[PDB]
>>> print(open('run36.pdb').read())   # PDB, C-alpha atoms and all ligand atoms
MODEL        1
ATOM      1  CA  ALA A   2     129.760  69.386  94.286
ATOM      2  CA  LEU A   3     130.653  72.177  96.717
ATOM      3  CA  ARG A   4     128.228  72.890  99.546
ATOM      4  CA  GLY A   5     128.078  75.351 102.408
ATOM      5  CA  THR A   6     126.029  75.023 105.598
ATOM      6  CA  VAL A   7     124.184  78.364 105.329
ATOM      7  CA  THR A   8     121.599  79.213 102.673
ATOM      8  CA  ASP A   9     119.079  81.978 101.978
ATOM      9  CA  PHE A  10     116.067  82.066 104.298
ATOM     10  CA  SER A  11     112.782  81.155 102.571
ATOM     11  CA  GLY A  12     110.239  83.412 104.265
ATOM     12  CA  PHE A  13     112.698  86.277 104.623
ATOM     13  CA  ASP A  14     111.394  89.649 105.783
ATOM     14  CA  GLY A  15     114.251  92.089 106.330
ATOM     15  CA  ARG A  16     111.963  94.549 108.101
ATOM     16  CA  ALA A  17     110.544  91.944 110.490
ATOM     17  CA  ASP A  18     114.073  90.746 111.322
ATOM     18  CA  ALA A  19     115.352  94.281 111.912
ATOM     19  CA  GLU A  20     112.641  94.903 114.493
ATOM     20  CA  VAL A  21     113.585  91.672 116.268
ATOM     21  CA  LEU A  22     117.190  92.793 116.460
ATOM     22  CA  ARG A  23     116.166  96.221 117.777
ATOM     23  CA  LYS A  24     114.010  94.769 120.550
ATOM     24  CA  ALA A  25     116.859  92.360 121.292
ATOM     25  CA  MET A  26     119.151  95.291 122.075
ATOM     26  CA  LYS A  27     116.795  98.022 123.262
ATOM     27  CA  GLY A  28     116.861  98.734 126.983
ATOM     28  CA  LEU A  29     119.097  97.280 129.671
ATOM     29  CA  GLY A  30     121.079  94.197 128.750
ATOM     30  CA  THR A  31     121.139  92.216 125.518
ATOM     31  CA  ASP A  32     119.263  89.229 124.151
ATOM     32  CA  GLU A  33     122.365  87.594 122.633
ATOM     33  CA  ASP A  34     120.355  84.434 122.030
ATOM     34  CA  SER A  35     117.815  86.160 119.776
ATOM     35  CA  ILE A  36     120.672  87.809 117.897
ATOM     36  CA  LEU A  37     122.693  84.631 117.305
ATOM     37  CA  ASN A  38     119.585  82.607 116.533
ATOM     38  CA  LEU A  39     118.539  85.044 113.822
ATOM     39  CA  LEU A  40     121.856  85.928 112.195
ATOM     40  CA  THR A  41     123.127  82.343 111.822
ATOM     41  CA  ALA A  42     119.898  81.463 109.999
ATOM     42  CA  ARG A  43     120.168  84.050 107.246
ATOM     43  CA  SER A  44     122.541  84.179 104.271
ATOM     44  CA  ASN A  45     125.185  86.931 104.237
ATOM     45  CA  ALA A  46     123.215  88.761 101.542
ATOM     46  CA  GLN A  47     120.145  88.742 103.778
ATOM     47  CA  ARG A  48     122.208  90.057 106.686
ATOM     48  CA  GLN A  49     123.126  93.074 104.533
ATOM     49  CA  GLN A  50     119.442  93.689 103.757
ATOM     50  CA  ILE A  51     118.602  93.497 107.454
ATOM     51  CA  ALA A  52     121.312  96.048 108.320
ATOM     52  CA  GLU A  53     119.821  98.220 105.601
ATOM     53  CA  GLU A  54     116.243  97.986 106.949
ATOM     54  CA  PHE A  55     117.507  98.601 110.468
ATOM     55  CA  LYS A  56     119.078 101.853 109.342
ATOM     56  CA  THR A  57     116.035 103.075 107.469
ATOM     57  CA  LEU A  58     113.673 102.115 110.319
ATOM     58  CA  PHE A  59     115.718 103.374 113.281
ATOM     59  CA  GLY A  60     118.419 105.534 111.749
ATOM     60  CA  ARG A  61     120.960 103.488 113.676
ATOM     61  CA  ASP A  62     123.848 101.332 112.466
ATOM     62  CA  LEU A  63     123.219  97.649 113.203
ATOM     63  CA  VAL A  64     126.886  96.653 113.278
ATOM     64  CA  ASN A  65     127.903  99.581 115.452
ATOM     65  CA  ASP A  66     125.068  98.832 117.858
ATOM     66  CA  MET A  67     126.076  95.193 118.244
ATOM     67  CA  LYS A  68     129.693  96.168 118.773
ATOM     68  CA  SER A  69     128.293  98.134 121.726
ATOM     69  CA  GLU A  70     126.145  95.330 123.148
ATOM     70  CA  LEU A  71     128.300  92.268 122.504
ATOM     71  CA  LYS A  72     131.854  91.479 123.584
ATOM     72  CA  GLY A  73     134.529  88.805 123.545
ATOM     73  CA  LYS A  74     134.686  86.142 120.863
ATOM     74  CA  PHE A  75     130.923  86.279 120.341
ATOM     75  CA  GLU A  76     131.068  89.909 119.232
ATOM     76  CA  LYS A  77     134.017  89.115 117.003
ATOM     77  CA  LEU A  78     132.041  86.225 115.558
ATOM     78  CA  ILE A  79     128.918  88.261 114.868
ATOM     79  CA  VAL A  80     130.979  91.142 113.491
ATOM     80  CA  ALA A  81     132.573  88.713 111.005
ATOM     81  CA  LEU A  82     129.185  87.293 110.019
ATOM     82  CA  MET A  83     128.001  90.811 109.218
ATOM     83  CA  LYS A  84     131.001  91.488 106.949
ATOM     84  CA  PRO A  85     129.937  91.357 103.268
ATOM     85  CA  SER A  86     131.162  88.163 101.577
ATOM     86  CA  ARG A  87     133.032  89.897  98.745
ATOM     87  CA  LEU A  88     134.877  91.926 101.378
ATOM     88  CA  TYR A  89     135.732  89.513 104.185
ATOM     89  CA  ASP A  90     138.842  87.880 102.677
ATOM     90  CA  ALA A  91     140.166  91.313 101.688
ATOM     91  CA  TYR A  92     139.413  92.458 105.223
ATOM     92  CA  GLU A  93     141.309  89.581 106.836
ATOM     93  CA  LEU A  94     144.218  90.161 104.469
ATOM     94  CA  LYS A  95     144.438  93.890 105.155
ATOM     95  CA  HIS A  96     144.559  93.119 108.857
ATOM     96  CA  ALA A  97     147.238  90.441 108.555
ATOM     97  CA  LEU A  98     149.485  92.952 106.805
ATOM     98  CA  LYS A  99     148.749  96.213 108.570
ATOM     99  CA  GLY A 100     150.646  97.175 111.703
ATOM    100  CA  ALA A 101     154.274  96.495 112.604
ATOM    101  CA  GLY A 102     153.804  92.739 112.383
ATOM    102  CA  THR A 103     152.421  90.511 109.656
ATOM    103  CA  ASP A 104     150.325  87.378 110.051
ATOM    104  CA  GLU A 105     151.927  85.125 107.435
ATOM    105  CA  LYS A 106     149.614  82.339 108.554
ATOM    106  CA  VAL A 107     146.607  84.297 107.283
ATOM    107  CA  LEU A 108     148.407  85.346 104.084
ATOM    108  CA  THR A 109     149.454  81.785 103.326
ATOM    109  CA  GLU A 110     146.033  80.371 104.185
ATOM    110  CA  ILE A 111     143.974  82.741 102.072
ATOM    111  CA  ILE A 112     146.228  83.129  99.052
ATOM    112  CA  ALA A 113     146.921  79.388  98.775
ATOM    113  CA  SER A 114     143.329  78.149  99.239
ATOM    114  CA  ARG A 115     141.534  80.721  97.078
ATOM    115  CA  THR A 116     141.001  80.119  93.350
ATOM    116  CA  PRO A 117     142.232  82.585  90.669
ATOM    117  CA  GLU A 118     138.653  83.818  90.233
ATOM    118  CA  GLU A 119     138.424  84.467  93.999
ATOM    119  CA  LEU A 120     141.892  86.029  94.023
ATOM    120  CA  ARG A 121     140.856  88.537  91.343
ATOM    121  CA  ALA A 122     137.723  89.590  93.224
ATOM    122  CA  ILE A 123     139.676  89.863  96.487
ATOM    123  CA  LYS A 124     142.206  92.175  94.793
ATOM    124  CA  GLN A 125     139.464  94.435  93.456
ATOM    125  CA  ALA A 126     137.561  94.676  96.736
ATOM    126  CA  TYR A 127     140.834  95.265  98.558
ATOM    127  CA  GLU A 128     141.814  98.190  96.368
ATOM    128  CA  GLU A 129     138.421  99.900  96.362
ATOM    129  CA  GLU A 130     138.064  99.490 100.133
ATOM    130  CA  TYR A 131     141.502 100.505 101.392
ATOM    131  CA  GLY A 132     142.784 102.415  98.379
ATOM    132  CA  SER A 133     145.904 100.286  98.151
ATOM    133  CA  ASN A 134     147.198  97.521  95.914
ATOM    134  CA  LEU A 135     147.217  94.087  97.596
ATOM    135  CA  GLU A 136     150.338  92.955  95.762
ATOM    136  CA  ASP A 137     152.211  96.153  96.599
ATOM    137  CA  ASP A 138     151.178  95.647 100.221
ATOM    138  CA  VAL A 139     152.246  91.995 100.419
ATOM    139  CA  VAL A 140     155.543  92.700  98.678
ATOM    140  CA  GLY A 141     156.243  95.433 101.206
ATOM    141  CA  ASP A 142     155.650  93.158 104.189
ATOM    142  CA  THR A 143     157.339  90.019 102.839
ATOM    143  CA  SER A 144     160.584  88.821 101.266
ATOM    144  CA  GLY A 145     162.579  85.945  99.854
ATOM    145  CA  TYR A 146     160.931  83.201  97.833
ATOM    146  CA  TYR A 147     157.966  83.301 100.167
ATOM    147  CA  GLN A 148     157.091  86.738  98.813
ATOM    148  CA  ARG A 149     157.771  85.490  95.287
ATOM    149  CA  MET A 150     155.447  82.501  95.607
ATOM    150  CA  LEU A 151     152.698  84.804  96.933
ATOM    151  CA  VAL A 152     153.129  87.243  94.017
ATOM    152  CA  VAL A 153     152.990  84.347  91.555
ATOM    153  CA  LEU A 154     149.737  83.235  93.189
ATOM    154  CA  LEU A 155     148.360  86.785  93.333
ATOM    155  CA  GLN A 156     148.638  86.882  89.543
ATOM    156  CA  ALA A 157     145.676  84.481  89.476
ATOM    157  CA  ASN A 158     147.223  83.287  86.223
ATOM    158  CA  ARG A 159     147.151  79.555  86.857
ATOM    159  CA  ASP A 160     147.022  77.529  83.648
ATOM    160  CA  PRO A 161     143.566  76.303  82.667
ATOM    161  CA  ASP A 162     142.420  72.703  83.044
ATOM    162  CA  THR A 163     142.695  70.864  79.725
ATOM    163  CA  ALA A 164     143.407  67.340  78.490
ATOM    164  CA  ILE A 165     146.422  66.020  80.364
ATOM    165  CA  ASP A 166     149.693  65.718  78.451
ATOM    166  CA  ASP A 167     151.526  62.645  79.774
ATOM    167  CA  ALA A 168     154.923  63.639  78.407
ATOM    168  CA  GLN A 169     154.460  67.013  80.079
ATOM    169  CA  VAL A 170     153.497  65.267  83.319
ATOM    170  CA  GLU A 171     156.716  63.211  83.088
ATOM    171  CA  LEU A 172     158.763  66.313  82.275
ATOM    172  CA  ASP A 173     157.454  68.240  85.295
ATOM    173  CA  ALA A 174     157.863  65.373  87.784
ATOM    174  CA  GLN A 175     161.468  64.759  86.686
ATOM    175  CA  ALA A 176     162.107  68.521  86.782
ATOM    176  CA  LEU A 177     160.952  68.729  90.392
ATOM    177  CA  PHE A 178     162.990  65.628  91.210
ATOM    178  CA  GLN A 179     166.138  67.298  89.828
ATOM    179  CA  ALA A 180     165.390  70.671  91.416
ATOM    180  CA  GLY A 181     165.096  69.158  94.864
ATOM    181  CA  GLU A 182     166.290  65.696  95.947
ATOM    182  CA  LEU A 183     169.017  65.386  93.265
ATOM    183  CA  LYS A 184     170.342  68.877  93.874
ATOM    184  CA  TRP A 185     172.847  70.095  96.446
ATOM    185  CA  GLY A 186     170.626  72.826  97.847
ATOM    186  CA  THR A 187     167.315  73.709  96.170
ATOM    187  CA  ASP A 188     166.106  75.372  92.994
ATOM    188  CA  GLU A 189     163.109  77.115  94.600
ATOM    189  CA  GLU A 190     162.505  79.006  91.378
ATOM    190  CA  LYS A 191     161.511  75.782  89.606
ATOM    191  CA  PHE A 192     159.179  74.685  92.398
ATOM    192  CA  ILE A 193     157.549  78.133  92.382
ATOM    193  CA  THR A 194     156.939  78.121  88.620
ATOM    194  CA  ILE A 195     155.605  74.593  88.411
ATOM    195  CA  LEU A 196     153.507  74.657  91.602
ATOM    196  CA  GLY A 197     152.340  78.213  91.023
ATOM    197  CA  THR A 198     151.338  78.107  87.352
ATOM    198  CA  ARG A 199     150.453  74.615  86.181
ATOM    199  CA  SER A 200     146.789  73.637  86.016
ATOM    200  CA  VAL A 201     145.185  71.802  88.950
ATOM    201  CA  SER A 202     144.389  68.601  87.070
ATOM    202  CA  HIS A 203     147.910  68.566  85.670
ATOM    203  CA  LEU A 204     149.640  68.966  89.022
ATOM    204  CA  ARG A 205     147.563  66.197  90.582
ATOM    205  CA  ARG A 206     149.020  63.839  87.979
ATOM    206  CA  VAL A 207     152.515  65.267  88.544
ATOM    207  CA  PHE A 208     152.215  64.586  92.275
ATOM    208  CA  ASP A 209     151.497  60.889  91.636
ATOM    209  CA  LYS A 210     154.174  60.536  88.938
ATOM    210  CA  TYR A 211     156.702  62.218  91.200
ATOM    211  CA  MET A 212     155.882  59.677  93.923
ATOM    212  CA  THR A 213     156.431  56.766  91.519
ATOM    213  CA  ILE A 214     159.752  58.308  90.452
ATOM    214  CA  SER A 215     161.271  59.341  93.779
ATOM    215  CA  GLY A 216     159.563  57.132  96.339
ATOM    216  CA  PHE A 217     158.625  60.363  98.122
ATOM    217  CA  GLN A 218     155.331  62.253  98.175
ATOM    218  CA  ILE A 219     155.870  65.837  97.065
ATOM    219  CA  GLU A 220     155.004  66.915 100.650
ATOM    220  CA  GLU A 221     157.950  64.994 102.113
ATOM    221  CA  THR A 222     160.427  66.504  99.669
ATOM    222  CA  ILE A 223     159.126  69.988 100.441
ATOM    223  CA  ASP A 224     159.677  69.351 104.133
ATOM    224  CA  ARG A 225     163.102  67.894 103.365
ATOM    225  CA  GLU A 226     164.121  70.653 100.951
ATOM    226  CA  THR A 227     162.643  73.832 102.423
ATOM    227  CA  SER A 228     161.953  75.558 105.723
ATOM    228  CA  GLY A 229     160.143  78.507 107.295
ATOM    229  CA  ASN A 230     157.271  80.330 105.624
ATOM    230  CA  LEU A 231     158.144  79.051 102.175
ATOM    231  CA  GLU A 232     157.766  75.501 103.417
ATOM    232  CA  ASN A 233     154.394  76.250 104.957
ATOM    233  CA  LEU A 234     153.253  78.073 101.833
ATOM    234  CA  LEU A 235     154.316  75.306  99.460
ATOM    235  CA  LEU A 236     152.677  72.704 101.727
ATOM    236  CA  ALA A 237     149.507  74.811 101.715
ATOM    237  CA  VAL A 238     149.606  75.067  97.917
ATOM    238  CA  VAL A 239     150.116  71.326  97.435
ATOM    239  CA  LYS A 240     147.382  70.569  99.983
ATOM    240  CA  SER A 241     144.878  72.852  98.268
ATOM    241  CA  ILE A 242     145.666  71.502  94.817
ATOM    242  CA  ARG A 243     144.783  68.092  96.199
ATOM    243  CA  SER A 244     141.660  69.368  97.983
ATOM    244  CA  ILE A 245     140.812  72.817  99.325
ATOM    245  CA  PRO A 246     138.140  71.409 101.722
ATOM    246  CA  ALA A 247     140.666  68.907 103.076
ATOM    247  CA  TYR A 248     143.341  71.550 103.523
ATOM    248  CA  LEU A 249     140.896  73.880 105.252
ATOM    249  CA  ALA A 250     139.588  70.974 107.357
ATOM    250  CA  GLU A 251     143.200  70.495 108.473
ATOM    251  CA  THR A 252     143.936  74.088 109.460
ATOM    252  CA  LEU A 253     140.757  74.034 111.560
ATOM    253  CA  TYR A 254     141.815  70.908 113.428
ATOM    254  CA  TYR A 255     145.178  72.391 114.305
ATOM    255  CA  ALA A 256     143.429  75.538 115.473
ATOM    256  CA  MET A 257     141.647  73.467 118.137
ATOM    257  CA  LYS A 258     143.830  70.367 118.603
ATOM    258  CA  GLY A 259     146.129  72.439 120.790
ATOM    259  CA  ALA A 260     145.470  73.169 124.456
ATOM    260  CA  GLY A 261     143.693  76.477 123.936
ATOM    261  CA  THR A 262     142.045  77.573 120.709
ATOM    262  CA  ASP A 263     142.966  79.785 117.761
ATOM    263  CA  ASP A 264     139.669  81.644 117.705
ATOM    264  CA  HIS A 265     140.883  83.945 114.951
ATOM    265  CA  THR A 266     141.356  81.012 112.564
ATOM    266  CA  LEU A 267     138.275  79.167 113.758
ATOM    267  CA  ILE A 268     136.090  82.226 113.160
ATOM    268  CA  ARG A 269     137.740  83.063 109.811
ATOM    269  CA  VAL A 270     137.436  79.623 108.219
ATOM    270  CA  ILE A 271     133.906  78.854 109.390
ATOM    271  CA  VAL A 272     132.545  82.276 108.409
ATOM    272  CA  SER A 273     134.442  82.704 105.128
ATOM    273  CA  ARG A 274     133.441  79.219 103.973
ATOM    274  CA  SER A 275     129.950  78.947 105.487
ATOM    275  CA  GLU A 276     128.353  79.505 102.069
ATOM    276  CA  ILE A 277     130.978  77.911  99.833
ATOM    277  CA  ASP A 278     132.152  74.437 100.849
ATOM    278  CA  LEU A 279     131.775  74.218 104.644
ATOM    279  CA  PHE A 280     129.752  71.046 104.202
ATOM    280  CA  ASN A 281     132.673  69.485 102.325
ATOM    281  CA  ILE A 282     135.133  70.657 104.951
ATOM    282  CA  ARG A 283     133.000  68.820 107.528
ATOM    283  CA  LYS A 284     133.150  65.466 105.732
ATOM    284  CA  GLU A 285     136.914  65.739 105.225
ATOM    285  CA  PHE A 286     137.262  66.549 108.909
ATOM    286  CA  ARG A 287     135.559  63.373 110.117
ATOM    287  CA  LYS A 288     137.184  61.204 107.446
ATOM    288  CA  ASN A 289     140.683  62.376 108.327
ATOM    289  CA  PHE A 290     140.372  63.073 112.055
ATOM    290  CA  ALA A 291     137.817  60.483 113.211
ATOM    291  CA  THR A 292     135.652  63.130 114.935
ATOM    292  CA  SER A 293     133.037  65.465 113.518
ATOM    293  CA  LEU A 294     133.792  69.200 113.424
ATOM    294  CA  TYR A 295     130.731  69.749 115.597
ATOM    295  CA  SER A 296     131.880  67.701 118.595
ATOM    296  CA  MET A 297     135.299  69.318 118.262
ATOM    297  CA  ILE A 298     133.968  72.881 118.487
ATOM    298  CA  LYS A 299     131.497  71.792 121.176
ATOM    299  CA  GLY A 300     134.386  71.011 123.485
ATOM    300  CA  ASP A 301     136.855  73.774 122.593
ATOM    301  CA  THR A 302     134.419  76.724 122.743
ATOM    302  CA  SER A 303     131.728  78.046 125.103
ATOM    303  CA  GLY A 304     129.022  80.635 125.733
ATOM    304  CA  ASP A 305     126.900  82.122 122.956
ATOM    305  CA  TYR A 306     130.119  82.044 120.941
ATOM    306  CA  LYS A 307     130.050  78.247 121.055
ATOM    307  CA  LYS A 308     126.319  78.280 120.283
ATOM    308  CA  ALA A 309     126.610  80.479 117.210
ATOM    309  CA  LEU A 310     129.551  78.434 115.945
ATOM    310  CA  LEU A 311     127.696  75.127 116.195
ATOM    311  CA  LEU A 312     124.618  76.620 114.527
ATOM    312  CA  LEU A 313     126.688  77.773 111.557
ATOM    313  CA  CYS A 314     128.650  74.535 111.267
ATOM    314  CA  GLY A 315     125.988  72.135 112.516
ATOM    315  CA  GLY A 316     125.819  68.419 111.806
ATOM    316  CA  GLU A 317     126.493  66.170 114.789
ATOM    317  CA  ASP A 318     127.990  63.163 112.986
ATOM    318  CA  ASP A 319     130.077  65.252 110.590
TER
HETATM  319 CA    CA A 401     121.115  97.333 125.734
HETATM  320 CA    CA A 402     132.285  95.690 122.962
HETATM  321 CA    CA A 403     168.415  69.269  97.811
HETATM  322 CA    CA A 404     161.550  71.644 107.142
HETATM  323 CA    CA A 405     141.531  72.328 122.985
ENDMDL
END
>>> encode(input="run36.pdb", output="structure tokens")
Amino acid sequence: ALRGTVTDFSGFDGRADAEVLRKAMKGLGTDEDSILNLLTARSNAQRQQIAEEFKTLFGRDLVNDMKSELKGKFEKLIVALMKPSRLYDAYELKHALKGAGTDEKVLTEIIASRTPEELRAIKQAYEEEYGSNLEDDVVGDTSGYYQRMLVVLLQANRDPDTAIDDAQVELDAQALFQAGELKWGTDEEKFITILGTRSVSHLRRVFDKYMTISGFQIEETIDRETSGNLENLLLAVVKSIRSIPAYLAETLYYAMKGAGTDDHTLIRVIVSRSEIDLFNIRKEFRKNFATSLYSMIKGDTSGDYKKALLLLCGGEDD
């Protein structure tokens, strides 16, 4: 079902590759093309093996060397590609929190689109790497029901997918109806519990039943009932329940649709999903936005940065 755009290389030789990277950086100047051509053709696991061989052969750190040779968005792109898979999400999260300011956009995006299984691994990796508890960190940098919704999600305790209970579907749809449209003000607590803990298959049925009952799609009520970060979060949650690929395909579009480009988001989504469901994200992009992701990046980016991006994403038609 799910498909990424990057797979393991067949005739992989970590040692051979490491020598190619060395030659590509040794001397005056850099062969950015040889770097990008090699790294976007190997799985993340293979990139770790290459960095390992590089160290044993030359006693130098591959990532630190590249950080010295490359610059701009390209460096940032390659540096993200080198980040171990099980650590990247935790890395993005730690950096959205840290500092004096917080990047709620990143928090919302990662916590809402990642499955409980992924949330549990991210929490582990986060703790072992930065010696801090993710929840404790988020709580400290957030507040209100936004913080609450995040904590609920961080529990990775979503109900399992079982046979759907129609009466329960009716009960939940009517409950949401009463907590929002029929209420003076909003009962955010009810939205948080239902959206945050019910199984995926169940909620999909609740979304349809709620539409039949209120004449509104749950998304419209959310926009009518809430505001700020909580609104964005809840929209993200509903979107992902419907389809993670589609929700991610949407945050990419808005990262480019604007005049400039949100390189941080573009890099993050493409890299983080390259070996998960990036192929699915591509289809959903064309289906919902008329253009392929390829052509969209092709015109919003440039340099080796643009080249690496298109090689990872690929597919001119979707
Ligand atoms: Ca050099
Ligand atoms: Ca640099
Ligand atoms: Ca209301
Ligand atoms: Ca609003
Ligand atoms: Ca643009």
>>> closest_atom_pairs(input="run36.pdb", of="chain A", to="ligand CA 401 (chain A)", cutoff="12 Å", atoms="all atoms listed in the file", output="Markdown table")
| residue | atom | partner | partner_atom | distance |
| --- | --- | --- | --- | --- |
| A:22 | CA | A:CA401 | CA | 11.0 |
| A:23 | CA | A:CA401 | CA | 9.4 |
| A:24 | CA | A:CA401 | CA | 9.2 |
| A:25 | CA | A:CA401 | CA | 7.9 |
| A:26 | CA | A:CA401 | CA | 4.6 |
| A:27 | CA | A:CA401 | CA | 5.0 |
| A:28 | CA | A:CA401 | CA | 4.6 |
| A:29 | CA | A:CA401 | CA | 4.4 |
| A:30 | CA | A:CA401 | CA | 4.4 |
| A:31 | CA | A:CA401 | CA | 5.1 |
| A:32 | CA | A:CA401 | CA | 8.5 |
| A:33 | CA | A:CA401 | CA | 10.3 |
| A:66 | CA | A:CA401 | CA | 8.9 |
| A:67 | CA | A:CA401 | CA | 9.2 |
| A:68 | CA | A:CA401 | CA | 11.1 |
| A:69 | CA | A:CA401 | CA | 8.3 |
| A:70 | CA | A:CA401 | CA | 6.0 |
| A:71 | CA | A:CA401 | CA | 9.4 |
>>> resolve_selection(input="run36.pdb", expression="the PyMOL selection byres (((chain A and resi 94-101) around 9) and not hetatm)", output="PyMOL selection string")
chain A and resi 89-93+102-108+111+127+131+135+138-139+142
>>> resolve_selection(input="run36.pdb", expression="the PyMOL selection byres (((chain A and resi 179) around 12) and not hetatm)", output="list in words")
residues 172, 173, 174, 175, 176, 177, 178, 180, 181, 182, 183, 184, 185, 186, 187, 188, 189, 191, 192, 211, 214, 215, 222 and 226 of chain A
>>> resolve_selection(input="run36.pdb", expression="the PyMOL selection byres (((chain A and resi 294) around 9) and not hetatm)", output="number ranges by chain")
A: 250, 253-254, 282-284, 286-287, 292-293, 295-299, 311, 314-319
>>> residues_around(input="run36.pdb", residues="residue 260 (chain A)", least_positions_apart="6", cutoff="12 Å", atoms="only C-alpha atoms", output="ChimeraX atom specification")
/A:254,300-302
>>> write_last_selection(input="run36.pdb", atoms="C-alpha atoms", output="PDB file, keeping the file's coordinate frame")
ATOM      1  CA  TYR A 254     141.815  70.908 113.428  1.00  0.00           C
ATOM      2  CA  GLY A 300     134.386  71.011 123.485  1.00  0.00           C
ATOM      3  CA  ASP A 301     136.855  73.774 122.593  1.00  0.00           C
ATOM      4  CA  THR A 302     134.419  76.724 122.743  1.00  0.00           C
TER       5      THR A 302
END
>>> residues_near_ligand(input="run36.pdb", ligand="ligand CA 404 (chain A)", cutoff="12 Å", atoms="all atoms listed in the file", output="list in words")
residues 220, 221, 222, 223, 224, 225, 226, 227, 228, 229, 230, 231, 232, 233, 234, 235 and 236 of chain A
>>> atom_distance(input="run36.pdb", atom1="CA of residue 169 (chain A)", atom2="CA of residue 207 (chain A)")
8.9 Å
>>> residues_around(input="run36.pdb", residues="residue 243 (chain A)", least_positions_apart="2", cutoff="12 Å", atoms="all atoms listed in the file", output="number ranges by chain")
A: 113-114, 196, 200-209, 219-220, 236-241, 245-249
>>> residues_near_point(input="run36.pdb", point="(140.9, 82.3, 88.4)", cutoff="9 Å", atoms="all atoms listed in the file", output="ChimeraX atom specification")
/A:115-121,157-159,161
>>> closest_residue(input="run36.pdb", among="A:281, A:190, A:267, A:291", to="residue 74 (chain A)", atoms="all atoms listed in the file")
A:267
>>> residues_near_ligand(input="run36.pdb", ligand="ligand CA 405 (chain A)", cutoff="6 Å", atoms="all atoms listed in the file", output="short mmCIF file (atom, residue, chain, number, x, y, z; two decimals) with C-alpha atoms, in the coordinates of the input")
data_model
loop_
_atom_site.label_atom_id
_atom_site.label_comp_id
_atom_site.auth_asym_id
_atom_site.auth_seq_id
_atom_site.Cartn_x
_atom_site.Cartn_y
_atom_site.Cartn_z
CA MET A 257 141.65 73.47 118.14
CA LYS A 258 143.83 70.37 118.60
CA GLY A 259 146.13 72.44 120.79
CA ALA A 260 145.47 73.17 124.46
CA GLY A 261 143.69 76.48 123.94
CA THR A 262 142.04 77.57 120.71
CA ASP A 301 136.85 73.77 122.59
#
>>> residues_around(input="run36.pdb", residues="residue 13 (chain A)", least_positions_apart="5", cutoff="12 Å", atoms="all atoms listed in the file", output="NGL selection string")
:A and (8 or 18-19 or 39-40 or 42-44 or 46-48 or 50-51)
>>> closest_residue(input="run36.pdb", among="A:313, A:168, A:17, A:83", to="residue 38 (chain A)", atoms="only C-alpha atoms")
A:313
>>> atom_distance(input="run36.pdb", atom1="CA of residue 86 (chain A)", atom2="CA of residue 45 (chain A)")
6.7 Å
>>> atom_distance(input="run36.pdb", atom1="CA of residue 263 (chain A)", atom2="CA of residue 312 (chain A)")
18.9 Å
>>> closest_residue(input="run36.pdb", among="A:3, A:272, A:155, A:256", to="residue 310 (chain A)", atoms="all atoms listed in the file")
A:272
>>> residues_near_point(input="run36.pdb", point="(129.5, 78.5, 105.6)", cutoff="9 Å", atoms="all atoms listed in the file", output="number ranges by chain")
A: 4-8, 270-280, 313-314
>>> write_last_selection(input="run36.pdb", atoms="C-alpha atoms", output="mmCIF file, keeping the file's coordinate frame")
data_model
loop_
_atom_site.group_PDB
_atom_site.id
_atom_site.type_symbol
_atom_site.label_atom_id
_atom_site.label_comp_id
_atom_site.auth_asym_id
_atom_site.auth_seq_id
_atom_site.Cartn_x
_atom_site.Cartn_y
_atom_site.Cartn_z
ATOM 1 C CA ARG A 4 128.228 72.890 99.546
ATOM 2 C CA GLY A 5 128.078 75.351 102.408
ATOM 3 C CA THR A 6 126.029 75.023 105.598
ATOM 4 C CA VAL A 7 124.184 78.364 105.329
ATOM 5 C CA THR A 8 121.599 79.213 102.673
ATOM 6 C CA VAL A 270 137.436 79.623 108.219
ATOM 7 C CA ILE A 271 133.906 78.854 109.390
ATOM 8 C CA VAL A 272 132.545 82.276 108.409
ATOM 9 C CA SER A 273 134.442 82.704 105.128
ATOM 10 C CA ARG A 274 133.441 79.219 103.973
ATOM 11 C CA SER A 275 129.950 78.947 105.487
ATOM 12 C CA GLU A 276 128.353 79.505 102.069
ATOM 13 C CA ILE A 277 130.978 77.911 99.833
ATOM 14 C CA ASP A 278 132.152 74.437 100.849
ATOM 15 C CA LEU A 279 131.775 74.218 104.644
ATOM 16 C CA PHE A 280 129.752 71.046 104.202
ATOM 17 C CA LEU A 313 126.688 77.773 111.557
ATOM 18 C CA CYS A 314 128.650 74.535 111.267
#
>>> closest_residue(input="run36.pdb", among="A:82, A:154, A:88, A:58", to="residue 110 (chain A)", atoms="all atoms listed in the file")
A:154
>>> decode(input="run36.pdb", residues="region 98-116 of chain A", atoms="C-alpha atoms", output="compact mmCIF listing (two decimals), in the first residue's frame")
# COMPACT_ATOMS: atom_id res chain seq x y z
CA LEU A 98 10.96 23.42 20.80
CA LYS A 99 14.44 24.54 21.77
CA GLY A 100 15.29 28.22 21.94
CA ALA A 101 13.11 31.13 23.03
CA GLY A 102 10.55 30.45 20.31
CA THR A 103 8.64 27.32 19.36
CA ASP A 104 7.69 26.15 15.88
CA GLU A 105 4.13 24.96 16.49
CA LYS A 106 3.83 24.24 12.78
CA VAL A 107 6.46 21.50 13.09
CA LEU A 108 4.96 20.17 16.34
CA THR A 109 1.48 20.01 14.85
CA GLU A 110 2.71 18.48 11.60
CA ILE A 111 4.77 15.69 13.11
CA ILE A 112 2.61 14.75 16.08
CA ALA A 113 -0.62 14.74 14.04
CA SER A 114 0.68 12.80 11.00
CA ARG A 115 2.72 10.15 12.82
CA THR A 116 1.13 6.87 13.93
